[PDB]
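Coming up are structure 1 and structure 2: the same protein chain in two forms, each one given alone as structure tokens.
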Structure 1
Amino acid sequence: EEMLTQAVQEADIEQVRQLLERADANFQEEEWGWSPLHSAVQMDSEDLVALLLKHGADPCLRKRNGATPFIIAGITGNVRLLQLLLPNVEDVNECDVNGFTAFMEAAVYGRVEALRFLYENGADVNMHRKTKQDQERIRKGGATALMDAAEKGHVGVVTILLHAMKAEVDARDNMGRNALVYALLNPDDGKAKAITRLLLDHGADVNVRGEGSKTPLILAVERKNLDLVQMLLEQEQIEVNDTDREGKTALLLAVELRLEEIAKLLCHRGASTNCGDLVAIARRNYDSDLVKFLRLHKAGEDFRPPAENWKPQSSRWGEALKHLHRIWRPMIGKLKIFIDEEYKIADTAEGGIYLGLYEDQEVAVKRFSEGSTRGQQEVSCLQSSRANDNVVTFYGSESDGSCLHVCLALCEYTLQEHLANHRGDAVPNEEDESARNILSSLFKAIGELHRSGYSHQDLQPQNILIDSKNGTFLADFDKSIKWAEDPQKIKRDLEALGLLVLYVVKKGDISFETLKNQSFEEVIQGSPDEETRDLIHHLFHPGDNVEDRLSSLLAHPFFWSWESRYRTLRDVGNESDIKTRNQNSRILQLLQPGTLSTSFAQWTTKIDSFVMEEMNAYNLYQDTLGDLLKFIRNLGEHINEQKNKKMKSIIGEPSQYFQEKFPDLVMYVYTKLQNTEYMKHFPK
């Protein structure tokens, strides 16, 4: 068991003694390096530190962060533990891996008596923390005990340090920050006031920069504290027109924040009034008195608003996005939004979809009550989908008081809109490349969504968005579920895909409503060609064994171009056994085995007689599939020879010709050669 440590937790000294002479006193638990000696000091039991020191336990023994029970004594504050441990210590200024000494830890925990003790015993008071190189290269570390004490707001400790212990007031950390900055970050107003005063009077630089390139003055304004502002403005060397990183001056902030008194005070100390359109800002705040004051001085007449270079990307939403960028709005975290019909994209079962700006990027913002189960499902699924390239990009979510804003990539059109706009783009008898692109993206999207452990549960055309560059994206995961719990619910996504296949192949002419009321067989019968029929079938009957059946369907002839289909038929028809009509051969046994129900039964009679007619000078063309493939191959090769120019005009584009005359041909060949060596002739 080796449960000594255990006993020290319970602090029962009899079991400890009993088992120092029955386990190791320097035994460190592997996770964090805690020794019983470390643990003893932490809980402040003099009896246990004594007992353990009487069994040789090293008081310079380091735990994971480099902490010795000595340094931990500084935290606990008890001076008689420090006394007990000091005689087995090489340096009193030994620091853990982040540069913390027992003295700093005394300053941090506001342990006044411990601080004095360590002062008398040689503790360095202006020691900056030396940390590991990772932390150094990002300018962390270098903080003093003064800074620690100021931050924590220990008024006691600051004063002692400054006056008794010669603490350096304008000591900087690696970020370039002095104790004054640290002081102003404390949430307690009095403590902060007290500590600022002390620090200021010893000569702390008042034009330092903290986080965000903010001065102490600006920190004070953002704190909304007249008192700290006056204290700071009593110094005459302070720069009042210093700007933070975003270019805001202390005054500007003051007006913005609706701080009449502090604004006035700032103006009466030489704060320039051309750091923003202050009147406008006061006006909008309904700060009538401050308006008047600012008007009296009239310093809102010399300031040009920036002329507006941000260029929206969306064309449909461009104009409104420009307006939204232009106007003033408060932020909800990283999100700028305004709930007005001008910026509304669409209605939803909760909250609607509005244009927004998120980290200055244009976005669609889907809104939910912050309670919402649906909002939680959406955000959950989106958070798992960031790798899925055919899912609408998720920027992030911002909660306000009572509303979950989900920010998504802005797309131009819905699938429905898009199909309508592009309905005239192909003449009736021309290949629909677009349908393939759309549907392959959806297959990938849903495939990947399933791999992610999610099922959509409401696939329909309103949930499918098209971007400026014709890319298609799946959206709306408010009804999604983790399928793991109920794996056969995936089937419903696949069914909806099946309806989407038809919807898209029909270029939006049949409504999705219509298609949802149809039975599986009605949908299949509605399919214009055999490839589509076969494809949809496989989606409505996916099989319990349906891991990644979506990905296998991307190889289906539906996704083959008409050139590739023709190319495949040609390549099969160039197999030597088809050319030599070797009926015994493997290929012909795959294609024509045994012994009329196909559109290419007696195919020679259905092709124009001249072509056939002139297609016969070499024993002849018979009505086998074999011979049709041969025919396709031969025409393929010779159609463009100059002597065949009449043939060419009768036929037109050969791929189109054969598929139209023989709609089942491509599918028939695919089926016969599917899992064979001749699969090699299929498209890429």
Structure 2
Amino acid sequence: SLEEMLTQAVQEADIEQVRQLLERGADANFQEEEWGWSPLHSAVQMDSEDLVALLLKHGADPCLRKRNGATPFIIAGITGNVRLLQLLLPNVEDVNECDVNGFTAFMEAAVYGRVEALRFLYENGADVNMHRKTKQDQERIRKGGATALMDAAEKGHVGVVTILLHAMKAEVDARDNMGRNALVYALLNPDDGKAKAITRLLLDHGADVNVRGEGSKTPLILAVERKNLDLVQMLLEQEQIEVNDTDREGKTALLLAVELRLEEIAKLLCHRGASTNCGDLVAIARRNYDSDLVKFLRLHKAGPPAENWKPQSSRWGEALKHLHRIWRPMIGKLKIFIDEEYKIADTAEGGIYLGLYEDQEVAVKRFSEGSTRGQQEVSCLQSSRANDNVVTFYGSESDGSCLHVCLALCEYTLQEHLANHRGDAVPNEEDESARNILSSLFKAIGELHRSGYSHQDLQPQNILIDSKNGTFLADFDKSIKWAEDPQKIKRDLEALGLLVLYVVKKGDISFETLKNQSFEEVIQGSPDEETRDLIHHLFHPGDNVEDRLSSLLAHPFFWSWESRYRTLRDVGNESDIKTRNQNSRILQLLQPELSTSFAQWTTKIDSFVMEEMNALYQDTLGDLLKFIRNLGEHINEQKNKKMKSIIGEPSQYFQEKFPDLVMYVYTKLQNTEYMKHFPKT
């Protein structure tokens, strides 16, 4: 708290207080730990020589380095007051001392366009053609190696560039580690005037014009993309320039000029040997409605690639092949055309259209760029990237006024998918597919809740099936961060219960019908007790922060018919069931209501089968599980083949005859030691 007010005093520029505290013993080489700023560093930055003098009076080191390795000498280059540089030079071991990224005081004078300061340092031994030596991580990615001229050229300081080349013997064709010269730095400056002057200077000194910058672009290409005919003329004056150089994308300087609607620039390029075998220029000019340029390319005319690209979607394959072939302007990384041929579906605002994002096929959901709906969709999607059962999110792109959200393209909606597979199974077979779809949804919605989000509009058109029969949740425009109202999670759970019934009924019942039913009507329409119990627990959940849904994945609804039969057999093999030990812990657990279908169960079984098993079966639950265990073990023997014919497949037998059995046993043993007999879930 003493050095603290020394620091505070220097920023307010209260000079007496600075003297007082140095007299009082305040450390002038105190470095704040976040970024390493010294009071001498901060003094040079604010340009107050009075403060620079008083601190130096009290032994403050002028080559003390902050986090980036900069000394208050190097910071003086940035300030560009020469009398500060005078005051510190007597103490500085090397005038070419650099920071961790290789910046010297002379470079910093070049960067900040400090003419008076760069002269001073020039006379005092500064290296003019110094390249920046940086840390090893940065050099292995070929960063660094820039020079004072490149910095001056990029920031457009014409004053500084002139002096460097003429007065200071600056190398014009010095390169950085990536291979760039000052010419390419010069051509990236937004101001046309300053760019024009600097390129002229650099050219006359012998700056190479066949060099490669970002995107493998040449100087000429950069000048064309800038739309500046002047810089094109200057670079065309050199004859050893390669006019038919191509960037990373395979585009040539002429091609871009035609594409960019630049008549003057196009003609001038042709009249300097630019080949017209780079692309179909007249189609491009025709598309741009430049009649005059079409004529020119035609009057100069004397007399296409191969289409590699293949879509992975088979439903959308032919339309994507078309969209890939046509020309469209890019919206960032997105290629899209708003036409019914490329439309997937209709929405509350904008529609779903096929698109290409980074040349990958996607579904593009459109919103107005201001839309609250568009904001919640993107916010929820960007938190869901680890949720395997949520549709993959590529990215969002905006133009003037439309937010495009790009998503993984799926084959079918849940509804369509159920329709296509509706004739696959015979009427009364076990429905594995309903389990897979629903367990996927439970995980999807459960993970979304752990993410802090609730969907708020779960229905079969928001659920998509990919080429490999995976189920994915989509459409988060009405989603909410559920901490805002934790009780609206129940709406997700209710829609899940309707989706349970919807999928179990193979889509024969519409979702609209099901939403118009009451809870009791939904339970009645359920074909079995497992489904009934599950839907019940979704409408009457417990209380959980996205733990609830994963728990219900252990519910016997998601147990196969073999696993259900296996659990009843395993329970019926407990010692105390076979010995009918009625004080036992197991039988006390199955102790007890509403007349179950297995009360008086020995009467409901075929009398031949009942007779032969007896080799004393009472109407207890314990005795029925023993019955199931025994039959399970001996059903396949030669001795029992008539029994086997009457029973058929045993799992289905007991379940049809006693529909509440599995659920009853599950409820009695669910939080007990005998849970171990349940299938692994």
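Here the rigid core means the biggest group of C-alpha atoms that line up within 1.5 Å when the two forms are laid on top of each other. Just so we're on the same page, residue numbers count up from 1 along structure 1's sequence.
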**Report entry** Only residue that shifts (Cα, 2 Å or more, rigid core superposed) between structure 1 and structure 2, among 546, 481, 257, 86
**Finding:** 546
Query raised in the report: Core-aligned, is the CA shift for residue 42 between structure 1 and structure 2 2 angstroms or more?
Result: no
Query - Rigid core superposition, residue 645 Cα moves 2 angstroms or more between structure 1 and structure 2 - result: yes
Query raised in the report: Taking the rigid core as the reference frame, is the Cα of residue 537 displaced by 2 Å or more between structure 1 and structure 2?
Result: no
Query raised in the report: Core superposed, what is the CA shift for residue 604 between structure 1 and structure 2, in angstrom?
Result: 2.1
Report task. Look at the Cα of residue 521 between structure 1 and structure 2 with the rigid core superposed and state its shift in Å. Result -> 1.3
**Report entry** between structure 1 and structure 2, C-alpha offset at residue 502 (rigid core aligned, Å)
**Finding:** 0.8
